[PDB]
file protein.pdb (PDB, C-alpha atoms)
ATOM      1  CA  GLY U   1      -2.727   7.691   9.811
ATOM      2  CA  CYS U   2      -0.114   6.293   7.470
ATOM      3  CA  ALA U   3      -1.787   7.546   4.328
ATOM      4  CA  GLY U   4       1.230   8.264   2.165
ATOM      5  CA  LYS U   5      -0.947   9.022  -0.848
ATOM      6  CA  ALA U   6      -2.810   5.908  -1.979
ATOM      7  CA  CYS U   7      -2.691   2.127  -1.714
ATOM      8  CA  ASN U   8      -4.097  -0.598  -3.942
ATOM      9  CA  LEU U   9      -5.355  -3.802  -2.316
ATOM     10  CA  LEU U  10      -3.088  -5.774  -4.657
ATOM     11  CA  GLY U  11      -0.159  -5.984  -2.286
ATOM     12  CA  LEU U  12       1.252  -3.730   0.412
ATOM     13  CA  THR U  13       2.823  -0.281   0.636
ATOM     14  CA  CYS U  14       1.931   1.072   4.063
ATOM     15  CA  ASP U  15       3.798   1.494   7.349
ATOM     16  CA  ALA U  16       3.872  -1.516   9.676
ATOM     17  CA  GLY U  17       0.564  -1.731  11.500
ATOM     18  CA  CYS U  18      -1.349   0.385   9.014
ATOM     19  CA  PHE U  19      -3.323  -2.027   6.851
ATOM     20  CA  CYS U  20      -4.076  -1.116   3.249
ATOM     21  CA  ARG U  21      -7.740  -0.161   3.064
ATOM     22  CA  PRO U  22      -9.719  -0.107  -0.204
ATOM     23  CA  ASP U  23     -11.883   2.885  -1.108
ATOM     24  CA  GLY U  24     -15.136   1.017  -0.651
ATOM     25  CA  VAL U  25     -17.159  -1.939  -1.861
ATOM     26  CA  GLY U  26     -15.983  -3.594  -5.054
ATOM     27  CA  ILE U  27     -12.956  -1.323  -5.284
ATOM     28  CA  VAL U  28      -9.332  -2.422  -5.417
ATOM     29  CA  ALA U  29      -7.844   1.054  -5.094
ATOM     30  CA  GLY U  30      -7.712   2.708  -1.696
ATOM     31  CA  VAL U  31      -5.428   4.322   0.858
ATOM     32  CA  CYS U  32      -3.375   3.317   3.906
ATOM     33  CA  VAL U  33      -5.208   3.827   7.200
TER      34      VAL U  33
END
call {"tool": "encode", "arguments": {"input": "protein.pdb", "output": "structure tokens"}}
result
Amino acid sequence: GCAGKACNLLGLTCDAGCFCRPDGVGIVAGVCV
């Protein structure tokens, strides 16, 4: 539950432990879990 706003699977920008998850299949944009 470290969804600050959004997270692109082109790096990292989520709290330690919360992996950056993409929206779905074939999508680079997503949000921190």
call {"tool": "atom_distance", "arguments": {"input": "protein.pdb", "atom1": "CA of residue 10 (chain U)", "atom2": "CA of residue 26 (chain U)"}}
result
13.1 Å
call {"tool": "atom_distance", "arguments": {"input": "protein.pdb", "atom1": "CA of residue 28 (chain U)", "atom2": "CA of residue 15 (chain U)"}}
result
18.7 Å
call {"tool": "residues_near_point", "arguments": {"input": "protein.pdb", "point": "(-2.6, -1.0, -5.1)", "cutoff": "9 Å", "atoms": "only C-alpha atoms", "output": "ChimeraX atom specification"}}
result
/U:6-13,20,22,28-31
call {"tool": "residues_near_point", "arguments": {"input": "protein.pdb", "point": "(2.0, -0.1, 12.8)", "cutoff": "12 Å", "atoms": "all atoms listed in the file", "output": "PyMOL selection string"}}
result
chain U and resi 1-2+14-20+32-33
call {"tool": "write_last_selection", "arguments": {"input": "protein.pdb", "atoms": "C-alpha atoms", "output": "mmCIF file, in the coordinates of the input"}}
result
data_model
loop_
_atom_site.group_PDB
_atom_site.id
_atom_site.type_symbol
_atom_site.label_atom_id
_atom_site.label_comp_id
_atom_site.auth_asym_id
_atom_site.auth_seq_id
_atom_site.Cartn_x
_atom_site.Cartn_y
_atom_site.Cartn_z
ATOM 1 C CA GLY U 1 -2.727 7.691 9.811
ATOM 2 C CA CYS U 2 -0.114 6.293 7.470
ATOM 3 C CA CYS U 14 1.931 1.072 4.063
ATOM 4 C CA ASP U 15 3.798 1.494 7.349
ATOM 5 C CA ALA U 16 3.872 -1.516 9.676
ATOM 6 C CA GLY U 17 0.564 -1.731 11.500
ATOM 7 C CA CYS U 18 -1.349 0.385 9.014
ATOM 8 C CA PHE U 19 -3.323 -2.027 6.851
ATOM 9 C CA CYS U 20 -4.076 -1.116 3.249
ATOM 10 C CA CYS U 32 -3.375 3.317 3.906
ATOM 11 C CA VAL U 33 -5.208 3.827 7.200
#
